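Spelled out from the first residue to the last, the chains are:
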Amino acid sequence: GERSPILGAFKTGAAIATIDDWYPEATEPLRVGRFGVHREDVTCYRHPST
Amino acid sequence: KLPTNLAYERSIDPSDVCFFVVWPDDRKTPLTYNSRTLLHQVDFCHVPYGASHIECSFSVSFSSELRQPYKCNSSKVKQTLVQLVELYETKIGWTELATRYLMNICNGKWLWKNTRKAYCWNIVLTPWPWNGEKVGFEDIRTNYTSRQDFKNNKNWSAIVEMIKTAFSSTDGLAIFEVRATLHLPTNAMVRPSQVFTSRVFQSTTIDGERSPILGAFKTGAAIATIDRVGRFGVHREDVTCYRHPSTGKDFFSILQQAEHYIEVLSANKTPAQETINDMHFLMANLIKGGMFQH
Amino acid sequence: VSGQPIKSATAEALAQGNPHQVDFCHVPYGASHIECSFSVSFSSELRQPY
Amino acid sequence: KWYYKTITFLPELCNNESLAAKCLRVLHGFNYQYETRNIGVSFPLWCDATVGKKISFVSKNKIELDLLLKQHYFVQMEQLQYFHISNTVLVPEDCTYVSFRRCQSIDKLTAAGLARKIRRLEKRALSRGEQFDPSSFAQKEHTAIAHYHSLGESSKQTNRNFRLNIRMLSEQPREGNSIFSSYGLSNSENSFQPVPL
RNA sequence: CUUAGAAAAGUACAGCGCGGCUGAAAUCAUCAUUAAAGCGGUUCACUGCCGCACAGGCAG
């Protein structure tokens, strides 16, 4: 009966899936995506030009 | 120069201040306040008769979240800011900012006006990570009233050191748990934070009953009052704001001189009058965080 | 935008107070430790395309 | 038979709370300097946000009331165009009777009054019994009270600015005693004598 | 200063009988809202009395 804060199901999925560190100049893991998008830095690696 | 996306995250993380009443039996009960309404709401909070001393406790945690921007549209300004932070740390050091942030923790600045008419109030905190006894300050009113008075403490160098390491090393972190003891007069007025909307306080339920509180943001203002640190030198009481954009010493007019500051910090000894103070202001704003988008 | 300061930004205007409303969640005083729990399952649905 | 005279605060920029407080002050002074307590005080008009712009003194004895309104304060304010005084008018039979009772409850409802009450209980604990603990007593979370004006006063024997408050309420139109406390209050310890508008 | 000058279209009325829209169904895969914050009583409602009163009344 009490509303409680939660962590979204898709957000926790975005957490345990942060394993991608195979991009060309990798330093830290990223969320596994079709275009290896970084969030702390806006620009995304693994661009189709690469 | 300002990228379309540029955000920082705060390094100092103060918490709420919860007031406790200590009885002669040393048993502690949460402070409570009365609310009066007319048939408009006015709130009154006083120390109950027979109470020994009011006790206030909160936790403040430092972290190294100013090392790199939280978000950054362009990579150039990201490495610019990172290099600026590294050069400031290596050339000037974190001692001044650490001492200014720690003095407000220890001298009871976060109590605001609650310490106006108290006979004596003590500040004792337990840092983390720690390896010995708790750091203790006794009778701040008479004993500890200056930087020299604070430095003459038994382990003032040790506590201020862990703040420097927390600010310098990545993942570095220092946690303090402050506990004030206020020997207020009989039925003395206690002034907590008033909620935005007459006099009505902020309240959180403790031990099943409501209690007056000092807002986390409000306590952060007292901890960060080192100049209050902000984009402009905004003064709460007198409306006018110093460091106006016309004065050329706001955050943005200083931030956009990042290349010049990088050149100065690495060429020769920086002047302690102009460049050092600008660096202190820049890093103080970085610690607070925020968005510098446009 | 990328220009001189706006003329109307006097001392008072830049130092007024702008209210905000946020949701504040914090550990209650007197507690011991926050506990979080969730469930994740691994399946073999990657072998054959949907 | 009751007789009354009224005075109106002519200036528009004035705190009628303060003016009524001063009026009650001189009234109390007269009620001591002389032994009589015949004259009461009534406000012909009353507003929930402020006491009325007129104060009317009601007494059973005509001579006592007229002599009271010859006090130095009233005379030295009359020629200053700050006061307008009516000579005397017999109480109409169409008037209404209400009581401006002073409330001692608020003085204890306030926080320092609660502290005073607990201290008084501690002192009266000299009557033998188990020593009580102040921790048991606590203030109410919420308090709701009716409208009041709390005119204001300052003690003369000692420099304590005790603030008197009065609550208006209707009462039975007959009470022949015509007695009051040091101030006209309709809450005299003996009885709650009504006053006319 | 009028295609100017003038003018009563009115009396009655029954739309009624009868009806089977029925058969069948998969909407369908993936998803980080994130960063930052003082709403501010300078005095003002104090101190005594009674009553056993976390009762209710007194005065200055």
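Cut-offs used in this document
Residues numbered from 1 in each chain as written, not as in the entry; some residues may be left out. Chains lettered and ligands numbered in written order. Part of a larger assembly, values for the part shown. Heavy atoms only, no water. Near = heavy atom within 4 Å. Polar contact = N/O pair within 3.5 Å; in protein donor to acceptor, adjacent residues only side chain to side chain. Helix = DSSP H or I, 4+ residues; strand = E, 2+ residues; numbered from the N terminus. Patch = residues over 30% accessible without salt bridge, like charges linked within 9 Å, V, L, I, M, F, W, Y side chains within 5 Å. Areas by Shrake-Rupley, 256 points an atom, 1.4 Å probe, with all protein chains shown as cover. Salt bridge = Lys/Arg side-chain N within 4 Å of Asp/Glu carboxyl O. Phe/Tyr/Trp six-rings, centres within 6.5 Å; stacked < 30°, edge-to-face > 60°. Buried < 20%, exposed > 50% of the residue type's maximum accessible area, 1.4 Å probe, protein only. Contact = heavy atoms within 4.5 Å. Buried area = accessible area lost by both parts, 1.4 Å probe. Pairing = 2+ DSSP bridges. Axes fitted to C-alpha atoms, helices over the stretch in contact; angles between N-to-C directions. Parallel < 35°, antiparallel > 145°, perpendicular 65-115°, else oblique. Left-handed = near helix turned anticlockwise from the far one by under 90°. Nonpolar A, V, L, I, M, F, W, Y, C, P; charged D, E, K, R; others polar.

Per the deposited record, determination of this structure is attributed to cryo-EM, with the resolution reported as 3.36 Å.

Visitor: Outline the protein's contact with RNA strand E, supporting the account with residue identities and numerical values.
Guide: Taken together, 61 residues lie near RNA strand E, and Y8, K218 and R236 of chain B together with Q104 and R116 of chain D sit nearest. In RNA strand E, atoms within 4 Å of the protein come 57% from sugar and phosphate. Note that a phosphate oxygen of RNA strand E is positioned 3.1 Å from one of the side-chain N or O atoms of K11 of chain A. No other element matches helix α5 (residues 111-124) of chain D, which puts 9 residues into the surface near RNA strand E.

Visitor: Explain a nonpolar patch on the surface to me, and be specific about the residues and the numbers.
Guide: Taken together, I16 of chain A together with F38, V40 and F42 of chain C make up a surface patch of nonpolar side chains, about 490 Å² in accessible area. The topology assignment puts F38 of chain C in the segment after α1 (11-15).

Visitor: Tell me about the packing of aromatic side chains, residues and numbers included.
Guide: Inspection of the entire model under this criterion finds 27 aromatic pairs over all chains. Pairing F58 of chain B with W110 of chain B gives two aromatic rings, centres 4.5 Å apart and planes at 50 degrees, and the pair type is tilted. Of the two residues, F58 of chain B sits in strand β6 (residues 53-63) while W110 of chain B sits in the loop between α2 (95-106) and β8 (121-125), which places them 52 residues apart along the sequence. A single burial state applies to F58 of chain B and to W110 of chain B, both of which are buried. Geometrically, the ring pair formed by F74 of chain D and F83 of chain D is edge-to-face, given 6.3 Å between the ring centres and 65 degrees between the ring planes. Per residue, the accessibility class of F74 of chain D equals that of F83 of chain D, and both read buried. Pairwise contacts between aromatic rings join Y8, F232, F251, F252 and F292 of chain B into one cluster.

Visitor: Lay out the interface of chain D and chain B in plain terms, naming residues and giving numbers.
Guide: Every contact between the two is made by 21 residues of chain D and, on the other side, 15 residues of chain B. Counting each side, the surface lost to burial between chain D and chain B is near 1,600 Å², with a carbon and sulfur contribution of 48%. Interface area lost by chain D to chain B is led by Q139, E141 and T143 of chain D, which between them contribute 30%. Our count for the chain D to chain B interface comes out at 1 salt bridge. Where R210 of chain B meets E141 of chain D, a salt bridge forms, and the shortest distance between an N and an O atom there is 2.7 Å.

Visitor: Account for the sheet that holds strand β6 (residues 97-102) of chain D, naming residues and giving values.
Guide: Backbone-to-backbone hydrogen bonds join strands into a sheet, with any given pair of strands oriented parallel or antiparallel. Residue and element names in this part refer to chain D. Ordered by their spatial adjacency, 3 strands build an open sheet running β8-β6-β9, and the pairing between neighbours is antiparallel. Of all the strands in the sheet, just β8 (166-170) and β9 (195-196) have a single pairing partner and so form its edges. With 2 bridges connecting them, β6 and β9 associate as antiparallel partners. Residue pairing across strands places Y97 opposite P196, the latter belonging to β9.

Visitor: Now, about the packing of helix α1 (residues 75-91) of chain B against helix α7 (residues 258-267) of chain B: what can you tell me, with residues and values included?
Guide: Residues and elements named next belong to chain B. For the pair α1 and α7, the least separation of the axes is 10 Å and the interaxial angle reads 30 degrees. The orientation of α1 relative to α7 falls into the category roughly parallel. In this structure, α1 crosses over α7, and the sense of that crossing is left-handed. Packed against α1, whose contacting residues are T80, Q83, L84, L87, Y88 and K91, the element α7 presents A258, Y261, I262, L265 and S266 at the interface.

Visitor: Just give me the short version of the arrangement of the chains, but keep the residues and values in it.
Guide: Here the protein chains form 4 pairs of chains in contact, of which the pair with the most contacts is chains B and D. The two units chain A and chain D are non-contacting; their minimal C-alpha-C-alpha distance is 24 Å.

Visitor: Which residues make up the interface of chain B and chain A, and what values do they have?
Guide: Facing the 9 residues of chain B at the interface are 5 residues of chain A. Summing both partners gives a buried area of about 530 Å² for chain B against chain A, and 43% of it is carried by carbon and sulfur. Remark: the boundary between chain B and chain A carries 1 salt bridge. Residue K78 of chain B pairs with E40 of chain A through a salt bridge whose shortest N-O separation is 3.4 Å. In this structure, the connection of chain B to chain A is made through 3 residue pairs in polar contact. Among the residues making up the side of chain B that touches chain A, the classes are represented as 3 nonpolar, 4 polar and 2 charged.

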